[PDB]
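S.K.:
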Amino acid sequence: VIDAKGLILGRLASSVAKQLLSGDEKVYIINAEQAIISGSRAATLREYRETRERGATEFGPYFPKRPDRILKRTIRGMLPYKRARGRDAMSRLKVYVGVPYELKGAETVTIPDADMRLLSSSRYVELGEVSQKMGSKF
Amino acid sequence: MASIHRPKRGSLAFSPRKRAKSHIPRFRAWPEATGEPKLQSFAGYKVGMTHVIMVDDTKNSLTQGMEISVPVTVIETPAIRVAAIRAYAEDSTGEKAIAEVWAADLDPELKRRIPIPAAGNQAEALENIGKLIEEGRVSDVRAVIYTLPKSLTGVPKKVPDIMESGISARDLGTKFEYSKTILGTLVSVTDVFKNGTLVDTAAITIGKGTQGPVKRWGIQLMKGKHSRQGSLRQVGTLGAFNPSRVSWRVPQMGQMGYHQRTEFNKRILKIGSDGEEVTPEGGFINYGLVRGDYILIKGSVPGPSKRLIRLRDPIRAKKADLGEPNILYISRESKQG
Amino acid sequence: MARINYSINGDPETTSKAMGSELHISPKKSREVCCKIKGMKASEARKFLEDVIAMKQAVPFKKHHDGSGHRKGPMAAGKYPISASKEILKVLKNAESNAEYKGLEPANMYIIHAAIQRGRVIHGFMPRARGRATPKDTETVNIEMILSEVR
RNA sequence: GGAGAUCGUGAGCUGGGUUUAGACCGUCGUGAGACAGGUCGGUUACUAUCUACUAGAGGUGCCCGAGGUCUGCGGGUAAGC
RNA sequence: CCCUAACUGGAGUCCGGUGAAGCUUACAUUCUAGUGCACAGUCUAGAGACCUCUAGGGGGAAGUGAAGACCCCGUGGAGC
RNA sequence: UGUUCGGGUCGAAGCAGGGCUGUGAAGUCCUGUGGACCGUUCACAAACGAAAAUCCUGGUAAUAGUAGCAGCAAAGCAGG
RNA sequence: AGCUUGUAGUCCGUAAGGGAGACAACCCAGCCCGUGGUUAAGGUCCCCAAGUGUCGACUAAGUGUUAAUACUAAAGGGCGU
RNA sequence: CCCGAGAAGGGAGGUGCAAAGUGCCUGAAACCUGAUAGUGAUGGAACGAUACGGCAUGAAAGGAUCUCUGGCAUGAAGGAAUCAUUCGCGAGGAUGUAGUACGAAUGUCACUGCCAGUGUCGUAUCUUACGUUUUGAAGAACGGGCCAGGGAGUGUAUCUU
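Take a look at the structure:
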């Protein structure tokens, strides 16, 4: 159970993906809305609305909207998810907005190298902000 | 090439245009509570159309104050039974049903739809819901209701139709109290809607089966010399060379009608109790005569005769308090003439 | 032209065999009927075939589905192969008679083997446009049926 | 308003033009004949195997067995201009 | 034609009987981009995709029909 | 084909499948089937080795239980 | 001009295997079979084997994350740093 | 003899060393029907090669110091770990431990009853068919639906070697 609050999105995703590929545990990620994406808010919002409205969304790419599902997608992009190994890895991963009631009070962990206070500037936005500006209710 | 532009044939706002998964319309949104507690929806059965002569009371209209002939839809609306109270909990993943209490005594013909819930836990179920509301696990409350079409004669069916309706109240406790008051009772359409008010009508439209793109989307026919070269009622092109596929936006044949549709701002012109006031000589064609209480809806409504029509309080109404219509003449002449 | 060996040989003591010899029927329809009726008791297979011939019961077409609509009830594509059902019922009558001759009890026996085999084709012709004659053949089918009194 | 999509679109249509065989006028050439000159006339093949889409079904998966009522991950919209 | 509607008979659709032919190296549920003989369902990286069946018009398969009749070449022909 | 040495109704050739050897062309053996012919040494010959020729002849698929069995022309019904 | 025509070397043509996303000719390398080890090119956050490696700075533009290649936009300007 | 409308056909029963049952010796493949083994309605495609696993088979023709699992001896290239000292701003390096323990393999002693092979499926890496025309072929360049059989440097004369 990893707490995604104040964590770099890509670095948390890389850590969790490599742990899942090491393949001895089920990983739960809570407060996915509280993950951090470094860079200017305008640029991050522009790229994320481009990815959301890009594809042949009738029969093309289907980029998610909820922050937890977006984080799941980000981890999916760092996995061999078309393979049996990556399919098992994604099946062993659950991501939550906030803390689910069953995991409430459980002991969490944090990735020290994914911490947002190692960033050198204030040019960042939260995944929850990205999702709610793309129109996700959570 | 300098092209002539046209608006696209039909609307892509109703795609996929498939058959509705049920014969009952389901409401996806409920309006704001703006007064005393009451049900936000009712359900009747469409009978047919007639017309009335009324004085134009519509403010600011050119014909205001003069005699105007207004087509009306007659909707036979027997009292519905409040069968159950359902509680909904809001979380990050949306609303979930958390509790349900069924009325102790329910109509025996409800077995045509479902095996009848027993007269088991109602007091303790209600106190459980009260505890849930007190502890904050309940986000809102809805009333499960069902119609009793056995009293009608133009509708052949005796199996009731069941549907959820919102409760309009300023607070969740008020909603729960009102639902407890109305639980297991028979609500009349006067206890939901008042005369002269605007409503939204949902219904399954007339089924036309499989229809071509000309009728289904309103595409042009082939014209002139092309009209008799073998593709008359038939789309000119399915797509360009690239992309190498037929878009879903190209008008094509498929199911037409039997869709769910919502019409907005249909005004109630009369809440009647005696169907002899509206039934014409010879009866309504293929329906018969009205016997119970009924409603007159200004204009047209989706669905054919005998279709279940769901009425709800307006969700996008513009005008304020409209008033009571002054119906000077209801036409009962033979519709078969 | 001649007699044919069977794909399966059941034991003579508890089994009866029969062969419809080169019937002028549809091999595809007969294959579907054989697939439907294989494994049934002889009496229930007879009742099913009677229902098919009376149009009260459709046989599912899972291998040769094209040209068949969907049927009412829990079924996909299905048809009413009248000629195939009549021929297979004649073969079933022969097999039941053979069982009775052996001394077995067809009321308690099961169709354990029901197969078709394409036989020799009688070659006809269909005159076509522009001086062309194309084939129109008489396909023949052998129906092998094996009932047994045990399973 | 302009432009792209095999100058989108002939297993959709048309055939007016260009691009066959006939013929006339003018100009070249002794001639046959010719002309990004003009003129009149001049056959538009196919039963869809796969894929894509539009709609309608039967299954299997999920699942105490069944039924009912809902939620909404998502998709679409010009929830009008 | 504006602008299409209804109806009639024959097909089609569904059922019984009869029963061909034409495309086919293989595999094949695809979509986007790039790459590649510079016009890819199969290569590369992504995105999708539960299977089967029925109907339907033809987007694509640079669909099928055919050793291009346009152009050039051949110390290949024919007629004039 | 000459020549040396053989095998076969106690089952030759061929055929389906398999074991072993050989880099391999291939050889040998086993099981079944089959019912009368077949190899081997050293040499010599050739109408001597096929995956391709829009190859030829024969057989047979997918297409497919599909198209067609609809302008002819009102086409049949009852009873026996 | 991924144009045309020369010249020297080397390649593809006729060149495996490893690496550059794929890449006829770009980098290592010319390659009998099997086993073990260590390296070349290239890479070491995950996909993907090995660094969330070290030191000193720059960049705030998602600029960039593109040896060569025709697969990478200029002149001019900036009290941006 | 029984079934069957039957001068069809089938069954049963015979003849014959053998049905070889009359277009009947042998009876391949394509194609079609059924059964068996594996897999299978969340899945990615030159249909395979290599390595490792699941399931099935493994009678003959293949192995019996052969298969499995260990011990001991010798072992080429290569070659640690841990710890001590020292250097470096640091990541780390050097020296010793140590050319040691190990190490392809070669022998030897126990243990074991399988292994090889075959079919199918799965995981990992690789590979865009074949022949041809081509500077360049997976090509949206040409050829083949499939299978069987047929199908292409030969003789005379003469010259040279």
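Chains as they are written, first to last, in the working numbering: chain C, 1 to 138; chain B, 139 to 475; chain Z, 476 to 626.
Heads up, the beta-carbon is just placed ideally off N, CA and C, and yes, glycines get one too.
Rounded C-beta distance between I618 of chain Z and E562 of chain Z? I'm assuming under 8 Å.
M.R.: Indeed, because the Cβ distance is near 7 Å, the residues count as touching under 8 Å.
S.K.: Is DSSP giving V130 of chain C helix, strand or coil here?
M.R.: Three-state DSSP puts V130 of chain C in a helix.
S.K.: Between residue 155 of chain C and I29 of chain C, which are expected to be in contact by the criterion C-beta below 8 Å, what is the C-beta distance as a whole number of angstroms?
M.R.: The requested residue 155 of chain C does not occur in the structure, where chain C is confined to residues 1 to 138.
S.K.: Taking only beta-carbon positions, decide if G39 of chain C is within less than 9 Å of chain B.
M.R.: Not one chain B Cβ lies under 9 Å of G39 of chain C.
S.K.: Excluding the 5 residues flanking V293 of chain B on each side, which residues of the same chain have their C-beta closer than 7 Å to its C-beta?
M.R.: Excluding positions up to five away in sequence, the list reads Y183, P287, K444.
S.K.: I need the boundaries of the beta strand (DSSP E) containing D245 of chain B, first residue and last residue.
M.R.: From DSSP, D245 of chain B is part of no beta strand (DSSP E); its letter is neither H nor E.
S.K.: Along chain B, in chain order, which residues have C-beta atoms closer than 9 Å to that of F138 of chain C?
M.R.: Going along chain B in sequence order, the residues near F138 of chain C (Cβ under 9 Å) are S230, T231.
S.K.: With H, G and I counted as helix, E and B as strand and the rest as coil, what does DSSP make of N198 of chain B?
M.R.: The answer is coil: DSSP assigns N198 of chain B none of H, G, I, E or B.
S.K.: In this structure, how does DSSP classify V95 of chain C when only helix, strand and coil are distinguished?
M.R.: In this structure, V95 of chain C counts as strand in the three-state DSSP scheme.
S.K.: Under 9 Å, do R52 of chain C and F138 of chain C count as touching if we go by C-beta distance?
M.R.: No.
S.K.: Listed in chain order, which residues of the segment 77–101 of chain C have Cβ atoms closer than 9 Å to some Cβ of chain B?
M.R.: For the segment 77–101 of chain C, which is checked against every Cβ of chain B, the residues closer than 9 Å are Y96, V97, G98, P100, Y101.
S.K.: Need the endpoints of the alpha helix (DSSP H) that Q19 of chain C sits in, please.
M.R.: Per DSSP, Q19 of chain C belongs to the alpha helix (DSSP H) from 9–22.
S.K.: How close, in whole Å, do the beta carbons of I597 of chain Z and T613 of chain Z come, if the pair is a contact with beta carbons under 8 Å?
M.R.: Contact flag correct, Cβ pair sits at about 4 Å.
S.K.: Using CA coordinates, which residue listed in Z:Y576, Z:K611, Z:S501 is at the minimum distance from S560 of chain Z?
M.R.: The residue with the shortest Cα to Cα distance from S560 of chain Z is Z:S501.
S.K.: For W386 of chain B, go through chain C and note every residue whose CB falls closer than 9 Å to its CB, in chain order.
M.R.: The answer, in chain order, is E58, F59.
S.K.: Is the separation between the beta-carbon of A221 of chain B and that of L244 of chain B shorter than 9 Å?
M.R.: Yes; because the gap between Cβ atoms is below 9 Å, this pair is in contact.
S.K.: With H, G and I counted as helix, E and B as strand and the rest as coil, what does DSSP make of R448 of chain B?
M.R.: Three-state DSSP puts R448 of chain B in a strand.
S.K.: Between C:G135, C:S121, C:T110, C:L20, which lies nearest to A35 of chain C when the distance is taken from Cα to Cα?
M.R.: Taking only the C-alpha atoms, the option nearest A35 of chain C is C:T110.
S.K.: Taking all protein chains shown into account, do 16 or more other C-beta atoms lie within 10 angstroms of the C-beta of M192 of chain B, making it buried, or fewer, making it exposed?
M.R.: Per the 10 Å Cβ criterion, buried.
S.K.: Rounded to the nearest angstrom, what separates residue 144 of chain C and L103 of chain C at their Cα positions?
M.R.: In this structure chain C extends from 1 to 138, so residue 144 of chain C is not present and cannot be described.
S.K.: Taking the straight line between their C-alpha atoms, what separation do you get for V566 of chain Z and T609 of chain Z?
M.R.: Rounded to whole angstroms, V566 of chain Z to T609 of chain Z spans 33 Å at the Cα level.
S.K.: Please report the straight-line C-alpha distance between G374 of chain B and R155 of chain B, rounded to a whole angstrom.
M.R.: Roughly 21 Å separates the two Cα atoms.
S.K.: Using the C-alpha atoms, what's the distance from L446 of chain B back to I162 of chain B?
M.R.: If I take the Cα positions, the gap works out to 7 Å.
S.K.: I believe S469 of chain B touches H189 of chain B by the beta-carbon criterion, under 8 Å. Please report the beta-carbon distance rounded to the nearest angstrom.
M.R.: About 5 Å; that satisfies the 8 Å criterion.
S.K.: Just to check my reading of the structure: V616 of chain Z and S505 of chain Z have Cβ atoms closer than 8 Å, yes? What is that Cβ distance to the nearest angstrom?
M.R.: About 5 Å separates the two Cβ atoms, so the contact holds.
S.K.: Have a look at B:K249, B:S230, B:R275 and flag the residue whose alpha-carbon is nearest the alpha-carbon of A237 of chain B.
M.R.: Cα-wise, what sits closest to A237 of chain B is B:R275.
S.K.: Considering only C-alpha positions, which residue in the set Z:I557, Z:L622, Z:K568 is nearest to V508 of chain Z?
M.R.: With distances taken between Cα atoms, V508 of chain Z lies closest to Z:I557.
S.K.: What ranges does the alpha helix (DSSP H) occupy inside the segment 495–570 of chain Z, keeping only unbroken runs of at least 4 residues that lie completely in it?
M.R.: 502–512, 517–528, all fully within the segment 495–570 of chain Z.
S.K.: Using only the alpha-carbon positions, how far apart do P381 of chain B and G60 of chain C sit?
M.R.: Their backbone Cα atoms lie some 13 Å apart in a straight line.
S.K.: Does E571 of chain Z pass the burial test, meaning 16 or more other C-beta atoms within 10 Å, or should it be called exposed?
M.R.: Buried.
S.K.: Using DSSP with H/G/I as helix, E/B as strand and the rest coil, what is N403 of chain B?
M.R.: It is a strand residue.
S.K.: Buried or exposed: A529 of chain Z, going by 16 or more other Cβ atoms within 10 Å of its Cβ?
M.R.: So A529 of chain Z counts as exposed.
S.K.: Alpha carbon to alpha carbon, how far is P80 of chain C from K18 of chain C?
M.R.: Computed Cα separation, rounded: 11 Å.
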